[PDB]
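Encoded as structure tokens, the following chain is the form deposited in one PDB entry, with no partner shown.
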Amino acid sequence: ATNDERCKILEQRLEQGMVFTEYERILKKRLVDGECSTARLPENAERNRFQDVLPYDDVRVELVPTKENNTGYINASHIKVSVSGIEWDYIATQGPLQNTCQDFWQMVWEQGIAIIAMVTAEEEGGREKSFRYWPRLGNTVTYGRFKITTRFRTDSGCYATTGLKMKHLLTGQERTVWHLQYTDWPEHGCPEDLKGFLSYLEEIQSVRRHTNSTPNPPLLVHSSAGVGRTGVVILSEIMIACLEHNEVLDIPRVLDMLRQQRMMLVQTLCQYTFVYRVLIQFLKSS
């Protein structure tokens, strides 16, 4: 029940408004070896949603080079953290563009991805935040050598689960990909329903566990920019796992480690304070 001491500390820090000082001291990106030269190539300009939100060279997801994409470039970062003995493996990526759908599915295939955690809407405020890279039911699409079929979509209130089949058109191999989309989460803000977000995290945790039981692949997390709401998901799941290991909690240490793998994770104070609220409620129900 040492979680009780953690929950008081967290509630007090939030209640007294000491969260901000902690958050604003965390650097947004690497100080050194922060080169994003491949991402900055003129040839890759159309592949970035924002020319300043970029993967670092040494952790970018490298696609096998193709005719259409010689550098095999996608705006996506490997995120590998070890926190309290747990080795976490994610890929964090931006929302696909019309012209990066083949790249996105090539990454899904090559990296062995079984679960997509989508935490953006397709459209918000009249703007595209993610291209519709998977088919709409009523049910198949082809991007280069990958055929994607939507089997079903089931709504769980705050999020929806879509069963996808992905087929390699040159080998005939097929794989199931589970698409878990949180549907009401404004960009730069927080989920509307805190408990709904916890149930979304619970479903990601469950499906990862059970698909692993049947080299485990990274979880693919994406938003629009691939840093804000993506960062909330990753930092929340890591910190929740920390709650069982007695070791002293150090959220800004963890977020700093994460931003060493992909810049700008967790864009706003409300997103960071939301992670505190998530942990408090998780501990309040333990």
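Whichever C-alpha set is largest while still superposing within 1.5 Å between the two forms counts as the rigid core. Heads up: residue numbers just count along the shown sequence, starting at 1.
If you look for the form solved in complex with a partner chain, you will not find it shown, but the lines that follow are about it.
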query: Heavy atom of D89 within 4.5 Å of the partner chain in the entry with it bound; finding: no
query: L169 within 4.5 Å of the partner chain in the entry with it bound, heavy atoms; finding: no
query: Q98 within 4.5 Å of the partner chain in the entry with it bound, heavy atoms; finding: no
query: Contact test in the entry with it bound: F146 vs the partner chain, heavy atoms, 4.5 Å; finding: no
query: Residues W178, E203 and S206 all lining the partner chain in the entry with it bound, heavy atom within 4.5 Å; finding: yes
query: Among 150-158, 69-77, 104-112, 186-194, the region lying within 4.5 Å of the partner chain in the entry with it bound by heavy atom distance; finding: 150-158
query: Among the candidates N216, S82, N139, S199, the residue which, in the entry with it bound, approaches the partner chain to within 4.5 Å (heavy atoms); finding: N139
query: Core-superposed comparison between the shown form and the other one - Cα displaced by 2 angstroms or more, from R175, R132, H188, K195; finding: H188
query: Rigid-core frame, C-alpha of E244, shift of 2 angstroms or more between the shown form and the other one; finding: yes
